[PDB]
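Heads up: the structure comes next, in structure tokens.
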Amino acid sequence: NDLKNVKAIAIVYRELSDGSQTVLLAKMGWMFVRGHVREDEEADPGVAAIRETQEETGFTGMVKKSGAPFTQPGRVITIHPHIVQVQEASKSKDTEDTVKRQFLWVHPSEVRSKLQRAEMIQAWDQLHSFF
């Protein structure tokens with residue numbers, strides 16, 4: 001079902017009681033959530049952004065912003081960047097076992113320096129004005 005050449009990126013964040021935000025970074029350099037877009041998902045890749053957020057983090061959430069797609073080399077890949085706010089613990093049964101990852105919650109001003117891949121840098125520069 002996965003589209004070979006279409007991906008979604010989810011910039012995961014939590015809203016805090018004072019209105020500040022904290023952004024989630026993962027490392028298997030530091031990355032956002034990433035997964036393939038599926039065929040049934042290609043008309044709104046935010047559906048892929050949420051599902052991949054659940055599979056990797058155990059949180060569920062909502063897409064807060066959908067960014068303009070951009071192109072990256074492999075083959076040419078179209079990337080759909082999103083900001084996803086997480087709200088509740090996922091009940092999906094695809095989260096019963098997660099992939100081992102390092103996680104880190106950071107203030108938005110400390111996000112970009114930790115990114116190493118161009119597609120993560122691109123997604124962040126397109127959308128960080130939200131924070």
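Start at 1 with the first residue, then count along the sequence. When reading the values below, keep in mind they use all heavy atoms of this one structure, side chains included, and skip hydrogens, waters and symmetry mates.
- Under the 4.5 Å side-chain criterion, counting only non-hydrogen atoms from C-beta, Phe59 is not in contact with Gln54.
- For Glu110, there are no salt bridge (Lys or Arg N to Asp or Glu O under 4.0 Å) partners, not counting sequence neighbours.
- Counting heavy atoms from C-beta outward, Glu119 and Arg34 have side chains that approach closer than 4.5 Å.
- Remark: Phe131 engages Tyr13, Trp124 in a ring pair (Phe, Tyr, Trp, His ring centres under 6.0 Å) (not counting sequence neighbours).
- Not counting sequence neighbours, the partners of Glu56 by the salt bridge (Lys or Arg N to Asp or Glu O under 4.0 Å) test are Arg101.
- Judged as a side chain to side chain donor-acceptor pair (under 3.5 Å), and not counting sequence neighbours, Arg117 has no contacts.
- With sequence neighbours excluded, the residues forming a side chain to side chain donor-acceptor pair (under 3.5 Å) with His107 are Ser109, listed by chain and number.
- Pairs passing the salt bridge (charged side-chain N to carboxylate O under 4.0 Å, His left out) check and including a residue from residues 122-131, sequence neighbours excluded, read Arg112-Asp125.
- Under the 4.0 Å criterion applied to side-chain N and carboxylate O atoms, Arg38 and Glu42 are not assigned as salt-bridge partners.
- Panel note: side chain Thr95, backbone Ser92; a donor-acceptor pair is recorded below 3.5 Å.
- In this structure, the side chains of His36 and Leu3 stay at 4.5 Å or more apart for every pair of heavy atoms.
- Put simply, the side chain of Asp18 gets close to the backbone of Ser20: a donor and an acceptor are under 3.5 Å apart.
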